[PDB]
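Below: one structure, written as structure tokens.
Just follow the structure's listing: the first ligand is 1, and inside any ligand the first atom is 1. Here is the naming used below: chain letters follow the sequence lines, and residue numbers restart at 1 for every chain.
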Protein chains: 2
Amino acid sequence: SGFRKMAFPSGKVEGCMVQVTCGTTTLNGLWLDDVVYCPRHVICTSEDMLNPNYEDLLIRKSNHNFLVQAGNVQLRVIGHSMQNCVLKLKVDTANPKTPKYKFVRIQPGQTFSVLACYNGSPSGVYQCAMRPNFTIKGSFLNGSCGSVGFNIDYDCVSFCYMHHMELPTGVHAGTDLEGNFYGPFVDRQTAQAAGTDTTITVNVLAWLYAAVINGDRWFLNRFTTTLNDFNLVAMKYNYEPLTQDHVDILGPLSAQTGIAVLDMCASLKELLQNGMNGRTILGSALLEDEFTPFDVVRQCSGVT
Amino acid sequence: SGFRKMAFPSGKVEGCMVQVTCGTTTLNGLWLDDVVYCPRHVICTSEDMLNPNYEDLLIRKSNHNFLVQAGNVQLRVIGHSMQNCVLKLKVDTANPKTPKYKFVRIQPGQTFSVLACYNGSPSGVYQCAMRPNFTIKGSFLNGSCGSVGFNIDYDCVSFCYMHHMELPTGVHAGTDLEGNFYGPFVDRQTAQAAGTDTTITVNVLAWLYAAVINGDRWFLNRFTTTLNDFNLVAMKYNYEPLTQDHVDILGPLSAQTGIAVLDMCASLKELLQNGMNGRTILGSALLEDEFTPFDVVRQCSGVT
Ligand SMILES: Cc1ccncc1NC(=O)Cn1ccc2ccc(F)cc21
Ligand SMILES: Cc1ccncc1NC(=O)Cn1ccc2ccc(F)cc21
């Protein structure tokens with residue numbers, strides 16, 4: 001029993017973190033096989049960020065300008081290329097600590113763990129969700145760029161995020177491991193306001209099922225609703241519309257607890273309309289939306 | 001910017017996790033040097049837990065009865081001893097992945113990371129605090145026993161907790177790495193109710209300073225208070241009394257933000273008396289108490 005915001009064990013990712021320096025800029029790189037992945041803005045000075053021409057800036061850079069250090073040892077750079085907003089630095093040595101890995105581009109609402117790093121060294125690990133507006137609410141300071149987000153299935157690490165920037169509103173934007181930004185963000189220091197941060201309805205329901213499994217049941221009521229009726233409430237409270245696909249993904253949780261998805265939607269509807277009345281659910285005084293239905297099943301079953 | 005419940009990178013601890021089986025019971029062990037540490041209740045059957053005589057149960061066990069597996073390879077057990085509520089299994093091979101380590105017995109209010117494991121395999125990592133009643137609010141299922149709590153200072157892992165049991169109330173009890181339980185708990189299946197779970201006042205103040213650093217300032221008011229006046233409020237709301245030692249530990253946060261500790265106590269006092277009025281602080285709708293002043297400084301400065 002108990003339910004926590006749990007991150008994947010970070011060891012497999014720690015063995016991939018390196019430090020990349022270009023000129024006076026130092027950030028984090030991800031070393032997998034004989035390639036180091038890092039944000040392309042490593043080639044910029046703070047002044048360049050206002051309007052950088054990355055292709056032009058990269059012409060003045062040679063292999064010997066990218067200083068790649070793994071712990072206390074220096075990697076030899078034998079090639080460099082830009083793929084979208086990431087640089088790929090070919091090194092002469094395959095990372096001996098390279099785990100089984102994949103590069104995946106996640107969908108909004110999906111969760112992942114972040115290993116925050118500075119100077120190629122890990123500082124901490126926490127669980128995040130890709131918000132519906134494609135930002136992440138992380139914890140990053142200057143130097144954290146190149147820190148990565150990932151999920152783990154048994155022995156395979158699926159890398160989904162690489163940190164690039166902080167928006168003026170304190171939220172975070174970044175790319176997948178192919179260098180494509182999530183959302184409309186660009187790696188430029190300009191007005192990039194975020195869209196509406198809606199609540200991930202399917203995750204709140206999954207977390208409500210997690211609460212029932214762990215003993216927190218005060219919010220269960222005598223009511224039911226329909227998808228269309230629930231969605232009228234969800235729209236009013238800036239919640240994502242719930243679809244039949246979401247109901248289907250909640251099936252195993254519905255089966256385990258014996259509480260039909262639409263009955264749980266009616267509990268959520270009353271919680272939205274009436275609030276928590278000074279009460280808590282799984283130690284939270286608000287509706288948590290950064291646990292997917294898969295996360296709840298995983299934590300509640302003990303998948304390693 | 002941003003503030004998250006961050007755990008230490010778990011890699012150094014992942015390399016120490018092993019599976020220990022005795023008879024029909026399997027739990028986690030911690031392999032450091034040529035010794036495997038595990039909860040002594042590994043020698044019990046579920047029936048034995050009602051009133052176990054560990055010394056008598058251990059007489060029927062020989063070195064060959066403790067099956068210790070590290071990944072897919074078997075460790076040879078050349079000695080066994082019981083130290084308080086932990087068993088120390090001497091193996092013939094030093095763990096090559098043994099990090100620099102210490103065993104520390106933490107004080108209530110202190111925080112630590114937990115690497116939850118099942119069958120010697122890690123499932124996840126999360127940040128915890130030793131509650132003032134000596135329980136921990138974790139996330140553990142059957143098989144998680146032997147999972148450990150730790151802190152990391154640069155390259156040294158300080159092991160502070162080993163998981164032993166779940167109380168009937170869903171909270172968790174365990175020992176330090178010398179086998180001594182935190183609090184009055186015993187490794188017996190009996191009525192062991194927990195004392196008052198008070199709020200760690202010094203941590204709430206540290207988190208309020210973290211909020212100011214990250215932009216959340218609505219709770220700052222025009223008032224001040226005294227230690228004795230604040231403590232009258234703290235007693236009413238089951239908060240730990242604030243001492244001059246706590247004020248002293250909050251000094252660096254007070255210095256960074258320019259907000260005197262007693263002024264922050266007056267903000268906390270008004271938050272206790274009036275509530276949050278439907279507002280949030282660092283994404284929480286309640287006063288968070290599982291960040292120490294050291295945690296706040298560490299996260300806000302980027303210590304790796
Ligand atoms: C300081 C900080 C805190 C947290 N996370 C990241 C950062 N760093 C940055 O944002 C660096 N940086 C500055 C301007 C700019 C423009 C575009 C871009 F891709 C990166 C940019
Ligand atoms: C099932 C579970 C869930 C979460 N964390 C731990 C557990 N396991 C246990 O508590 C095992 N166990 C059962 C009786 C008993 C008595 C004393 C003791 F030290 C261990 C005991």
Side-chain angles (χ1 to χ4, degrees), chain A residues 1-3 25-28 38-52 54 84-86 114 116-118 135-147 162-175 179 181 185-192 214 300 302, chain B residues 1-3 25-28 38-52 54 84-86 114 116-118 135-147 162-175 179 181 185-192 214 300 302:
Chain A
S1 78
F3 207 75
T25 302
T26 290
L27 44 60
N28 306 286
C38 82
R40 67 180 180 169
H41 73 254
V42 73
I43 72 185
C44 300
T45 72
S46 74
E47 315 94 76
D48 287 329
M49 299 312 303
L50 307 179
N51 184 47
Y54 290 97
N84 301 311
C85 307
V86 298
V114 174
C117 296
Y118 297 89
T135 65
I136 78 164
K137 295 169 147 157
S139 171
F140 296 111
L141 302 172
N142 184 12
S144 66
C145 304
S147 298
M162 173 167 283
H163 187 51
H164 287 241
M165 65 181 201
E166 191 165 66
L167 291 181
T169 70
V171 306
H172 302 118
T175 70
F181 268 94
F185 308 113
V186 293
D187 48 359
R188 188 179 181 212
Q189 187 173 328
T190 55
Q192 307 195 58
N214 289 281
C300 294
Chain B
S1 78
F3 207 75
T25 302
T26 290
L27 44 60
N28 306 286
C38 82
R40 67 180 180 169
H41 73 254
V42 73
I43 72 185
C44 300
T45 72
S46 74
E47 315 94 76
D48 287 329
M49 299 312 303
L50 307 179
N51 184 47
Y54 290 97
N84 301 311
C85 307
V86 298
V114 174
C117 296
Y118 297 89
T135 65
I136 78 164
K137 295 169 147 157
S139 171
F140 296 111
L141 302 172
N142 184 12
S144 66
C145 304
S147 298
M162 173 167 283
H163 187 51
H164 287 241
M165 65 181 201
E166 191 165 66
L167 291 181
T169 70
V171 306
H172 302 118
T175 70
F181 268 94
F185 308 113
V186 293
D187 48 359
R188 188 179 181 212
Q189 187 173 328
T190 55
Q192 307 195 58
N214 289 281
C300 294

Please determine whether side-chain contact (heavy atoms from CB on, under 4.5 Å) holds for the pair B:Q192 and B:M165, giving the CA-CA distance in whole Å, both sets of side-chain angles, and the decisive distance to 0.1 Å.
CA-CA 11 Å; B:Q192 307 195 58; B:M165 65 181 201; 3.3 Å; yes
Residue A:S144 vicinity, atoms of ligand 1 by number, heavy atom under 4.0 Å:
5 (N)
Applying a heavy-atom cut-off of 4.0 Å, say which part of B:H163 lies close to ligand 2: side chain, backbone, both or neither.
side chain
Proximal atoms of ligand 1 relative to A:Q189 (non-hydrogen, under 4.0 Å)
14 (C), 16 (C)
Can you tell me if A:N28 uses its side chain to pair, donor with acceptor, with the backbone of A:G143 under 3.5 Å?
yes
Could you list the atoms of ligand 1 found under 4.0 angstrom from a heavy atom of A:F140?
3 (C), 4 (C), 5 (N)
Considering only heavy atoms, which of B:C145, B:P39, A:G2 lies nearest to atom 8 (N) of ligand 2?
B:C145
What's the spacing between B:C145 SG and B:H172 NE2 if we round to 0.5 Å?
9.0 Å
Between A:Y118 (side chain) and A:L141 (backbone), is there a donor-acceptor pair under 3.5 Å?
yes
Can you name the closest pair of heavy atoms from A:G170 and B:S1 and give their distance?
CA-OG, 3.3 Å
Under a plain distance cut-off of 3.5 Å, with no hydrogens placed, do A:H163 and A:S147 share a side-chain donor-acceptor pair?
no
Check whether any protein heavy atom sits under 4.0 Å from atom 19 (F) of ligand 2.
yes
List every atom of ligand 1 that sits less than 4.0 Å from any heavy atom of A:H41, numbering the atoms from 1 in the order shown and giving each element.
19 (F), 20 (C)
In the protein, what heavy atom is nearest to atom 21 (C) of ligand 1, and what distance, to one decimal place, separates them?
A:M49 CE, 3.9 Å
Using heavy atoms and a threshold below 4.0 Å, how should the contact between B:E166 and ligand 2 be classified: side chain, backbone, both, or neither?
both
Can you tell me if A:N214 uses its side chain to pair, donor with acceptor, with the backbone of A:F3 under 3.5 Å?
no
